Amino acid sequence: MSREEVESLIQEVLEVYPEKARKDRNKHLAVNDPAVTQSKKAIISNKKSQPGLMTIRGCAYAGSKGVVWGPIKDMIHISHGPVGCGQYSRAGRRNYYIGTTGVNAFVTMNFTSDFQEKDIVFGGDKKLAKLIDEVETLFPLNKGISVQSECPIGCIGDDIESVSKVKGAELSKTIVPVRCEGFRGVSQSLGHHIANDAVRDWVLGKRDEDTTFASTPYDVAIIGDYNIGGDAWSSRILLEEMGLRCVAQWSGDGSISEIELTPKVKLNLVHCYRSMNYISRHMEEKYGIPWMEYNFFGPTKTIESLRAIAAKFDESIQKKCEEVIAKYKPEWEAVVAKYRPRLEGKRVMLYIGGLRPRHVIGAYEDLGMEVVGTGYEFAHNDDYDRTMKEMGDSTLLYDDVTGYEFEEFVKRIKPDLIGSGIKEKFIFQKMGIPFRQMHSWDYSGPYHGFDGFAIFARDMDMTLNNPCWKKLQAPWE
């Protein structure tokens, strides 16, 4: 498709909308031009969703409890409010961890205050204080509590900050109040920011005047890797084979102690810019710790990141880096040799959250596939600043795409593979279009690093070339 043709498709799809929605959605759809550096004049992002168009977005509680705080394994996170949020978000996200669940780790559990009408009418602050005591009794090995506010807490106006302060002082325990009610913001993205500020205000500074940790010049932190299918582990091993010491992982397989230690590191390695750039900028501003963005998707980006990170240290780290690259070179070359011939030329459309829509592109090109359309649920313009240079010219971009737009774009563009979420997966399987979950990795992974590239390649091949896709039309039809 040509630039003009893509522009026609956008306009043809927008015809179905009422005038108010049509005017807005037009600003969120664009034909990519890799030369542009300020994406703001081609596409608008991080704006309110139009009512009733079936957005794929979640809420701020999802961005705070589900994404940032929940993975932290040795704390207990209270879904504060009615029973829904904590149940639908119970163990849906594959942020992996090592622990004894129910004893010293609590990730896949659902703690909730289960609001009833009596709590709405009279407030939940008394229940929350009692709830905190009960947690301390039945789970004595927890190392901290967070209170994830659901919609009514702000509406009812409860004062969870006072409860956290009073109960935290009484029980000499870290209790973190998070005002991540779902009516705040417009997407999961404000949940990230609220959560980052909660980490900043209540946890990160506890070891400011504690000098106990012996630092070395090679101390880093993995910032913004939530260990989906083990991603952070297959990223950590490469960093430490290179000779660096990973003090912390934010927050996949993360412990509260290794959050408190992070202001002691020498470099913050940021994978997910969207959800974690806020605390990174803070730690540069408060502790003078530099941060840099990296990418561990596919060998090309992994090699580029390893070399870029090692350059920030000394010759010894750079020598080890080339030894890491040499070690795995036959491994990923074997993966490419096997699978690129099975995937060369295939075209894929993506729709994910705030990072992966641009971050996995290089991995697909390492297997000879072409990303013909991509978009985010909730990214900002500095994400699109980083996207347009990564996509080919005249490809299609869509911010906060509606169900109707995505289906119609797919009908026209006819991709060979689609990579999106669970609310999209089964729609496109019905249309006979191979689909891979690019949130949960379809219960596979890891995809990060060299070891992950092998799984990524295997997965894309298994689904795209599966025999099932040749059988949808009955031979008598």
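A residue's number is simply how far along the shown sequence it sits, counting from 1.
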Avg C-alpha B-factor, entry values, 5 to 13 vs 454 to 462, higher side is 5 to 13
Going by the entry, of stretches 76 to 84 and 237 to 245 the one with greater average Cα B-factor is 237 to 245
From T100, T211, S149, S394, the top C-alpha temperature factor is at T211
From the entry's CA B-factor values, the highest among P71, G123, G191, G375 is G123
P290: CA B-factor among chain residues, third -> middle
Chain thirds by Cα B factor, record data; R340 belongs to the highest
Split the chain's modelled residues into thirds by Cα B-factor; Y328 lands in the highest
Assert third(CA B-factor, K165) within chain per record equals highest
Chain thirds by Cα B factor, record data; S215 belongs to the highest
